[PDB]
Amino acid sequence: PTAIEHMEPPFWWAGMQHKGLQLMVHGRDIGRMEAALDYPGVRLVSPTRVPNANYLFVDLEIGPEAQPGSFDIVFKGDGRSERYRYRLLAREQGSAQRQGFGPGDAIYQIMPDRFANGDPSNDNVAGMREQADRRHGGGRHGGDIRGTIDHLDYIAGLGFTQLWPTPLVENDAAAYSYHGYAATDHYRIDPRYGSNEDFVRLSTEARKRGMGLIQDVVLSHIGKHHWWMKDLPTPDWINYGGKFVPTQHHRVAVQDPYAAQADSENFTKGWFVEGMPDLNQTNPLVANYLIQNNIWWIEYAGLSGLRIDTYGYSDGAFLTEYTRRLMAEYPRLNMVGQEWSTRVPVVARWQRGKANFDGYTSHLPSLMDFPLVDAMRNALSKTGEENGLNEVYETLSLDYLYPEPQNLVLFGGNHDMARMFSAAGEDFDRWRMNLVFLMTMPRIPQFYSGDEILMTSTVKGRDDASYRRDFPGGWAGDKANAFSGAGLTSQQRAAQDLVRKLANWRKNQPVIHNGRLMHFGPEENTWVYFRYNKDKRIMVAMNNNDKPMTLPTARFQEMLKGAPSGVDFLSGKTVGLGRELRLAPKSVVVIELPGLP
C-alpha cells in the first residue's frame, strides 16, 4: 500500500459548534508515525495508538480563533515522512441556522438508479464489480445525478419542495449494488451516479428551484466490500469481531422493561444480512467517524436534513450522542428516522422531548409514520369492513404519545412496500382518498416517485424489485414519458394532474402546516375532519363505500358553526352543509370555508 490512502474527513470547516476533530488516517505503516502541524487556533492533542500499523487517529481541537485556510499535517517515523495539506473551509452565510424540512414542505422520494439515466456512459465504471443490466429486477439500471438534475423542474412543478434520494454513496458490490444501503466508501458518491461535485451541484440546482435535498444515511452497517473489511481498523470495529452473526430483529428489546440483554445486543449488534457488516458504535472511534461523516455531507452538500435508515439497529447511546451532535451543529435541521413499527409507542420512543420510562433521551426531530400509513392502507383495501376508517381515527388519536406529531413524516409509500395504487386495490376513487389524506393531515407529507402515475406492484409479502420499476421517461427510447405526459393513459394523467393540483395548493395552506385538527369518529366507513384556525377551515369528508351516504351536519356544528355550504376544491362545486352532507359513492370532498372564530 502507498502513501496516505485515506484521510477522513478530507477537509473540515472553521467555526463549527464542536471544536474537536478526529482524523482517521489510513496508509501502510501510517500508525508507526508521529503527526505534527502548525496553524493558529488548531491544537494537536497527542496520540492514542491503535495496534493496527496501517491506521492513525489524529485528534485536533479547532478553537474558535482558528481561521479558514490550510496547513500541512506531517507524519514522521522510520527515517521517512509523509504530509497532507489539510483545509479548513469558510462556512457559507447562514449555514448553522439552515432551515430543515418541515410541515410546509412536501418531499418527493426517488431511487437514483431507477429515476432518470441522464448519462448512459456512467452505467458501468471501469474497475467496479457489477455490470449494469436494466432487465434484471435487482440490477443496476443506470439512473444518475445528471438524470435527476435534468428533471428538477418536473419535481418542483408537481408541487414538491424537498428531494429525498435513497443513498448515492459508493456501493461497489458484485450484486444488488443499485439500492445504495451497503456503503463501501462513506466519503464518495458511487461513480456510476457521478462525482462528489455533481452531488453538490444537485443540491445547488434543487435550491434554485425552491427545493431542499435530504440525504439518506445508514449508520448501523456497511457493505462487505467496504475497504475496511480488507484490514480491520481495530479488532472491534465491526460487531462480533468482523464475522457474520445475524440479527433476529427484536426491535422492542431496546425499549422493553422485560428485555433480555441478549435480545437488545442482538438488535443493535446483529448483522442485518450476511453482506452488511455491522458497525460497533460502542467504539468511540466508530461513533466519531459516523458523526463527522454525516456533518461533513450536510456542510459540504448544503443539505436540508437527513433520512436515517434502520434507526434502532444502531447502539442507543450512540444515537443519543449522534442526534445531540448533529442538532447542536444545525439546531433548525430536520432528521427523519426509519423505525419500522406499526406500534405508535415504539415509534414515539425516539422523538426529541419524549419522557421515556427508562430515561432514554434523543434529539431526533422526526420519524416515519408507519402506524398511520398502515391504518389508512388497511382502511382503503379491506373494503368489505363496515367501518375500516375507524383504525385511522383511533391511530391518529394516539398522537399525544409523540412530543411533536406535526413533525412526523407521513407517506403515500416508499421503496420498501407495495405501490400506493396497488395497496388501494387499483381503485382510483379510494386512491384519491389516500392522496387527500396525505396532503391534509398534520404531518410532513412524503410521496414516492412513480405513484403520481399509478405504478403498480405485487401486494402480497415482500417483493423489492416490484416496488422499484424504472420511472417512465427516465431512459432514452421509453414509449411513455411521464415527464412530458407522452403516452400516459387518461387515468395515469388524471392521477398526475391531481398530485400536481393538491401539492401546489398545499404549499399555500398555512392551516394545513400549522392549524389545528379536529376529527370525528368514522361511522359506516364515512369520515369527516377539519383543519382550522381563525383564518380558514378545511373540511375533508370521505365516503369509503360503494353506495351514497348522507351525514346530518348537526353532528359537526362545533366546526361548522352554521355554515350553509362551501366550495369543494376538488370539483369546484358548491356543497350544501345546512342540514346534511350528501356524499356520492366512493367520494371525497375538500371543502374550503372561512375561519373559525
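When you see a residue number, it is the position in the sequence shown, counting from 1.
Higher mean CA temperature factor between 337-345 and 484-492: 484-492, per the PDB entry. The question of which stretch, 434-442 or 138-146, has the higher mean Cα B factor is settled in favour of 138-146. Based on the entry's C-alpha B-factors, the most elevated value among 314, 525, 234, 166 belongs to 234. When the modelled residues of the chain are ordered by their C-alpha B factor, residue 536 lands in the middle third.
Ranked against the other modelled residues of its chain, the C-alpha B-factor of residue 157 as given in the entry falls in the middle third.
Ranked by C-alpha B-factor against the other modelled residues of its chain, residue 386 falls in the highest third.
Residue 461: CA B factor in the highest third of modelled residues in this chain (values from the PDB entry). Among the modelled residues of the chain, residue 93 sits in the highest third by CA temperature factor in this PDB entry.
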